[PDB]
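Each chain, written out:
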Amino acid sequence: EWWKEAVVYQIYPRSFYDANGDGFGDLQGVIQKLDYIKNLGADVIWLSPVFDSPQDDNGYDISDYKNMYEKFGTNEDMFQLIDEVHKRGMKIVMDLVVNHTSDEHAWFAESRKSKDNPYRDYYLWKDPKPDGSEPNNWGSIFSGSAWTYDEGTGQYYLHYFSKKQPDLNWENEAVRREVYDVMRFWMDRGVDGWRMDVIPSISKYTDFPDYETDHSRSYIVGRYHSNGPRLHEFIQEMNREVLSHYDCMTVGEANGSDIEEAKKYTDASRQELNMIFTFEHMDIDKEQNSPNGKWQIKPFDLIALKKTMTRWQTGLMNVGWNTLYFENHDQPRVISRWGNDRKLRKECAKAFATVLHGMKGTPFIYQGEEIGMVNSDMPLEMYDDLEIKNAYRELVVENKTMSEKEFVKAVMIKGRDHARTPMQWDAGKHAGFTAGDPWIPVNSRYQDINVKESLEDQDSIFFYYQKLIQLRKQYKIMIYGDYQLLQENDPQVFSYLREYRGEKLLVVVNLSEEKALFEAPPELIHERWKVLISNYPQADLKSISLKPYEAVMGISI
Ligand SMILES: [Ca+2]
């Protein structure tokens, strides 16, 4: 299946390329950079959402599923992009955002008018408690309550995300039909698949029970916010009504998912989705459940990474399918977060890439990951994301569960905007992103980190990624082989083995700044190896003295 063998490149289009000079990346800009992506070697593009939206959550608050936001272009520009993707032998996946819409979507503008409106039951409306307060103690992921009051009609509406992202009512069959008609509209025009935004949230517990009260916080995000009673029923209905009618790929964004849930979504026999993004490996550097959420930082712990990635590799080894990612539009640059982004930036970027691309699953490359883009030193006032604005207000100003200094430090490590500063094309003004003024500043280190310098340097992170993708297309063991963690207890080295039809692939990566040692276990000592890739210049893999961030992948001969 082409989706098993794919390498996906995720574009965050407002930050990719600005062809028309307004500072906002656009769909013709994407078209003009497709040759670059094909030369890297990715065969599938996932576009973050370009549908009409007032941009409260930068496109994830959609106000029209059948038209583009004007700064991206028009549907004609989108149809051309689909065509240009296909002319290059590639595929395009769009972002399906159907847990919620914008409050400016015509559906919601109508819903909120009156209880008798035909759109009233497209959304989730509930009476206040007798004292006027919210139906329950559920929280929003972007801080505060999940409920907002509408004075006109005397009810609250639910939003798991912002107050400008009212949640759709999937109990109403008319809403399910509306979603399936959106999907067919785009698929009939050549969209090859969907990345499904917060897909585990679409089914609600319609009794809306309170969470057990904590004492540490007023609003709670927990187990009712996902995996509702009708979740898999709905995904199975979407497959029958839509996905089964096209040659397509689907990936669900699945924050909160564990390995058994992943098998419910991804086991082919269940006729749901092809794969999902879990957050469990993204969650290793926060406390389990602080009121400060992901902003309650912990240092990188390689043993925690090895345990989580291994549970996923073994859990979906012979049923379902994994996604493989360290970066996306919601995550910091991994080398800044967990590694060295200075003197060992190249070695480190290549080392995290080798850990990831040596595994079973579909790899995702976030725009700029392939040139080693890094987190930004911009001051807090320059950040754009509503998530930061809302968390500063709740955690620092109001509840005082984080100090100013601690919050600033956490945002410098994990703010989503580190992913969103423009793609770095060359060393000229605004890194070649725009001839105008970019919507957020370009990262201050762009003169040293960009596509131009990368293509001029044979030792670039770019060529290393290009090689990993080539290897994947040449060596079927990388796609189909099983997985075994080796040297499990080593606190510096992530090593593992893939096996397929009597061939072995050995991946050994020192995720640390200091020297380390890998010794092959006893069963492998009489293997002969050929080195397929390494991030140091100078094949006896039974014993490897590893330099800082040294990575090597060998195949048995
Ligand atoms: Ca533009």
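Structure determination for this PDB entry is given in the record as X-ray crystallography, at a resolution of 1.4000 Å.

Let us now look at the packing of helix α10 (residues 345-357) against helix α14 (residues 461-474). Put simply, α10 and α14 touch, their axes get as near as 10 Å, and they point 15° apart. In this view, α10 runs roughly parallel relative to α14, as classed from their interaxial angle. The two elements α10 and α14 cross, and the hand of that crossing is right-handed. Residues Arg345, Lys346, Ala349, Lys350, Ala353, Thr354 and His357 of α10 pack against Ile461, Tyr464, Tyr465, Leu468 and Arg472 of α14. Split by residue class, the contact of α10 with α14 holds six nonpolar, two polar and four charged.

Here the focus is the pairing of strand β15 (residues 493-500). The element β15 is largely enclosed, with a buried count of six among its eight residues. As paired elements, strand β14 (residues 484-486) and β15 share three bridges and run antiparallel to each other. Bridge pairing in β15 links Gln484 to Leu497. Counting the residues between successive antiparallel strands, the hairpin from β14 to β15 contains six residues, one of them, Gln487, with a positive phi of roughly 40°. As judged from the eight bridges shared by β15 and strand β16 (residues 503-510), these two strands associate in the antiparallel manner. Each bridged residue has a counterpart across the sheet, and for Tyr500 the counterpart in β16 is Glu503. The turn joining β15 and β16, which pair antiparallel and follow one another in sequence, is formed by two residues; a positive phi near 50° is taken by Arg501.

Taken as a whole and judged by the stated rule, the model has 45 aromatic pairs. Aromatic pair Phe300 and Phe352: ring centres 6.1 Å apart, planes at 65°, arrangement edge-to-face. On the criterion of sequence distance, the pair formed by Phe300 in the loop between β11 (275-277) and α8 (302-315) and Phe352 in helix α10 is long-range, its members being 52 residues apart. Through a chain of ring-to-ring contacts, three or more aromatic side chains come together here, namely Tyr9, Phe16, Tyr17, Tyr36, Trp425, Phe462 and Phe463. In this arrangement the basic side chain of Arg120 is found over the ring face of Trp125, its NZ or CZ atom lying 3.8 Å from the centre. Of note, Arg223 hangs over the ring of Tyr224, and the distance from its end group to the ring centre comes to 4.9 Å.

A few words now on the UniProt feature "active site" in the chain. In the numbering used here, UniProt assigns the "active site" feature to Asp197 and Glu253. Across 57 residues, the annotated set stays spatially compact, with a maximum C-alpha separation of 5.3 Å. For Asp197, the location among the structural elements is in the loop between β9 (193-196) and α6 (231-241). Overall, the relative accessible area of 8% leaves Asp197 in the buried class. Non-local contacts of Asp197, meaning those with residues more than four positions away in its chain, are made with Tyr60, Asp95, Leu96, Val97, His100 and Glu253. Position of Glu253 relative to the elements: it lies in strand β10 (residues 249-253). According to the relative accessible area criterion, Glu253 is buried, its value standing at 10%. In contact with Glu253, not counting residues within four places along its chain, are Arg195, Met196, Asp197, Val198, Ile199, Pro200, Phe277, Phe279 and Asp330.

With that settled, the discussion passes to helix α12 (residues 404-414). Within the sequence span of α12, burial applies to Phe407, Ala410, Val411 and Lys414. All buried residues of α12 project into a common sector of 100° when viewed along the axis, lining one side. Exposed and facing more than 90 degrees away from the buried side of α12 are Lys405 and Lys409. Tucked inside the fold, the buried residues of α12 contact α9 (334-338) and α11 (386-398).

An order of β14-β15-β16-β20-β18 is seen for the five strands of this open sheet, with the pairing classed as antiparallel. What marks the edges here is a single partner per strand, and that holds for β14 and β18 (529-534). The average undirected angle you get between the axes of adjacent strands in this sheet is 25°. Lying over the sheet, α10 contacts β15, β16 and β20 (551-556), oriented at roughly 145° with respect to β16.

The next thing to look at is the coordination of the calcium ion. Coordination of the calcium ion by the protein involves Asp18 (OD), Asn20 (OD1), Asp22 (OD), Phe24 (O) and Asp26 (OD), with metal-donor separations of 2.3 to 2.4 Å. Going along the chain, you hit the donors of the calcium ion in the pattern D-x1-N-x1-D-x1-F-x1-D.

Here the focus is the environment of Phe161. In this fold, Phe161 is placed in the loop between β8 (155-158) and α5 (173-188). Since its relative accessible area comes to 13%, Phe161 is described here as buried. The spatial distance from the C-alpha of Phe161 to the C-alpha of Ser140 is 5.3 Å, given a sequence separation of 21 residues. Once residues within four sequence positions are removed from consideration, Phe161 is found in contact with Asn99, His100, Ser140, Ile141, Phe142, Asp167 and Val198.

We now examine the side chain of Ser143. One can find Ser143 in the loop between β6 (125-126) and β7 (147-150). Only 3.5 Å separates the side chain of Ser143 from the backbone oxygen of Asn390, close enough to count as a polar contact. Beyond its immediate stretch of four places on either side in the chain, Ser143 contacts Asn390, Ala391 and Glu394.

Mapped onto this structure's residue numbering, the UniProt feature "binding site: Ca(2+)" falls at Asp18, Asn20, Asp22, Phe24 and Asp26. Structurally, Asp22 can be placed in the loop between β1 (8-11) and α1 (27-32). Not counting the four nearest positions on each side in its chain, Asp22 is found in contact with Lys71 and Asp437. Tracing the chain through its elements places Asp26 in the loop between β1 and α1. Residues contacting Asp26, with those up to four places away along its chain left out, are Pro13, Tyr17, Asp18, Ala19, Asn20, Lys71 and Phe72.

Conventions used here
- Residues numbered from 1 in each chain as written, not as in the entry; some residues may be left out.
- Heavy atoms only, no water.
- Residues with missing side-chain atoms left out of burial classes, pairs and counts.
- Axes fitted to C-alpha atoms, helices over the stretch in contact; angles between N-to-C directions.
- Helix = DSSP H or I, 4+ residues; strand = E, 2+ residues; numbered from the N terminus.
- Parallel < 35°, antiparallel > 145°, perpendicular 65-115°, else oblique.
- Left-handed = near helix turned anticlockwise from the far one by under 90°.
- Contact = heavy atoms within 4.5 Å.
- Nonpolar A, V, L, I, M, F, W, Y, C, P; charged D, E, K, R; others polar.
- Buried < 20%, exposed > 50% of the residue type's maximum accessible area, 1.4 Å probe, protein only.
- Pairing = 2+ DSSP bridges.
- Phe/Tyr/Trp six-rings, centres within 6.5 Å; stacked < 30°, edge-to-face > 60°.
- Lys NZ or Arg CZ within 6 Å of the ring centre and 35° of its normal.
- UniProt positions renumbered as here; feature names shortened; annotations may be inferred.
- Arc of directions from axis to C-beta.
- Donors = N, O, S within 2.8 Å, 3.2 Å for Na, K, Ca; no water.
- Polar contact = N/O pair within 3.5 Å; in protein donor to acceptor, adjacent residues only side chain to side chain.

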